[PDB]
Every structure is written in structure tokens, then in C-alpha cells.
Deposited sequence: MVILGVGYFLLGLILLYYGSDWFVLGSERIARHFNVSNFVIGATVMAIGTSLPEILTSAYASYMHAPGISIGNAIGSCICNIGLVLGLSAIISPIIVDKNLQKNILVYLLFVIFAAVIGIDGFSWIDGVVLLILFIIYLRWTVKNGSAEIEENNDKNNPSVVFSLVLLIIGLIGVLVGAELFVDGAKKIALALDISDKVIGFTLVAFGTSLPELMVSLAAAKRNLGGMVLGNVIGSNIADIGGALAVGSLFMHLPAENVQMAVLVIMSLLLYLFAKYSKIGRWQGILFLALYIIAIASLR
């Protein structure tokens, strides 16, 4: 059943490509409907929508007594979002960050640092409750200072968003399943090849969404999506995972994330996020995947 593997694989790519653009366009219209910035809609609605892969992966794994998976995938996603995802987007469409989104990015940095320190001895279920509460606070705070019948322009906008989200989520796991069915039918099936495949699959929505937005010069949406997804990975995916079981410490990975997060802030505050910032991010991500576990 080789053909099948390819069928799933390319169909998932079809759903990811077209699904992401619909999701982006639908989110862009919604942002204009609720009079909020593209950053806000990306850091909230879009981020939560694309991080639900991680959240379900994390909870299930830790419940099945594999807490290393929950935290590895959570942190690995964050590193990927800044290194790979934001890296490609910054090059495609350079961003000059307004001084009110710089405040949001600084808050993100503080959140990451707070997570890193309390995770030095691993993440307990109490650590998770705390991170989850901060997650909630971030969302409301991001919405508040980003704000202020049955319209066919609104209905069509929500259809674009939802169908788009379904597209990138179904397509992402058709990608993974399609890849796993090929690797099994070619007898090249490792099980570290399956973990990193599934792990990468959960980051596929963010990748395709942020690339689609970058293609339409929506730099705010991309930046918001990256910041929001990372927070949803830590305050959401990692947090829920800690509820079922103590997540062992990943101090080397956290340090990598803090450094990248710090770089992200300094660039947004005192410079820009363009070509050479993106090249640096991609370099760091490539170094990471070449030397980390």
C-alpha cells in the first residue's frame, strides 16, 4: 500500500496550502470586524487554533507516562516557531514593530523567563496551574489593550476562518499519517523517526499559516501567531502535561528558548525584524536541531 501513503501525504499538503490562506484571510477580516490589530487576532484566535495539536499531544503522552515527550515537544515547538517559522517570515516580509507590540513582546519574554526558572527542578502540576493562569491573563490583557444582526460579510469571514483551520489541522495529520504509512511500507520505520515526525506535524499549522500571512505582507499577524503559539505551548501544552505527571527538567532547551526570546525582543525594540534577523534565527534553529536531543 505504497500509493496510499503518497495520496495522504500530498492531499495533506493540498489542504495545508489552501487551508492556511483561507485561515489567514478569514482571520484578517475578523480582526477588522472586531476592530483589533492583526497581532491580536494572531496571538489569540489563530494561536489557540493551531496549538491544539500540541495540547492534545502533551496531555495524552504525560497521561500515558511519557512526560519527557510532553515537555520536549512543547519547548521544541517554541524553538521552531522563532527559529524556523519567524525566521522564514522575517525574510519574506520584514517587520517594523510598533512600540505597543514591543510591550507585548517584553511580557512574552518575562513569561518565558518565569517558566524557565520554575522548570529548573522540573514542572509539577502546581507549576502547570500557575502557567495556565498566566496564559489566561495574557490573552485578556492582549485583547483589552488591542480593542476599541447577521452580516453576510461576517458570516463569510467565519466560514473562511473555521474551514481554513480544519484544513490545516486535517491536512497536517494527513501529512504525518501519510508519511508514517510510507515509512512502514518501505520498512524504514524507526520510532525516533516517528516522534520527531509527529512533533514537527504539530508545528506544521503555524508554519503554513505564518508563511501565508507573510506572503500577504501581514507581519503583525505572523509575529502575533509566533508569540501566541509559544505561550500556548508553555501555558497550555506544557501546563496540561504537568497536571497528569511531573515533567522532567529540560534546562538546556529552556536556555536556548530564553536566548532566542531575548533576541526577538531586542530586535523588535531597538531594530527591526527583517532579512538579517531572519537569517540569524534560521542559523540558530539549524544549529539547535544539529546538536540537541
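- Gap without C-alpha coordinates occurs only at 149-155, with positions taken along the deposited sequence from 1.
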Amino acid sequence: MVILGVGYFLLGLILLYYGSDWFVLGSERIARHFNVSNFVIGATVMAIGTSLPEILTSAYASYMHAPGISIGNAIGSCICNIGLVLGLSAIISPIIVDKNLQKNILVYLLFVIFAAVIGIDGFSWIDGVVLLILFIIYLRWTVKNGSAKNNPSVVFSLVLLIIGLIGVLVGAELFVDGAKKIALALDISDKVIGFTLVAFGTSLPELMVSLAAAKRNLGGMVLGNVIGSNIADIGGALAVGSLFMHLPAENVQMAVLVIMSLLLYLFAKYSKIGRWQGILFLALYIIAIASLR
From here on, numbers count along this sequence of modelled residues.
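Heads up, when I say rigid core I mean the largest set of C-alphas that superpose within 1.5 Å between the two forms.
- Comparing 152-160 with 191-199 by root mean square Cα distance to the shown form in 8 other deposited structures of this protein, with the rigid core used for the fit, gives 191-199 as the more displaced stretch.
- Mean CA B-factor, 169-177 versus 191-199: the higher value falls on 191-199.
- Higher mean CA temperature factor between 2-10 and 284-292: 2-10, per the PDB entry.
- Looking only at 136, 183, 82, 92, the residue with the top Cα B factor in the deposited structure is 183.
- In this entry, the residue among 128, 87, 146, 220 with the greatest C-alpha B factor is 146.
- For residue 156, the recorded CA B-factor ranks within the highest third of the chain. Only modelled residues enter the ranking.
- In the deposited entry, the Cα temperature factor of residue 224 places it in the lowest third of its chain's modelled residues.
- Among the modelled residues of its chain, residue 32 has a C-alpha B-factor that falls in the middle third, as given in the PDB entry.
- Per the PDB record, residue ranking by Cα B-factor puts residue 44 in the lowest third of the chain.
- Looking at the C-alpha B-factors along this chain, the one for residue 77 belongs to the middle third.
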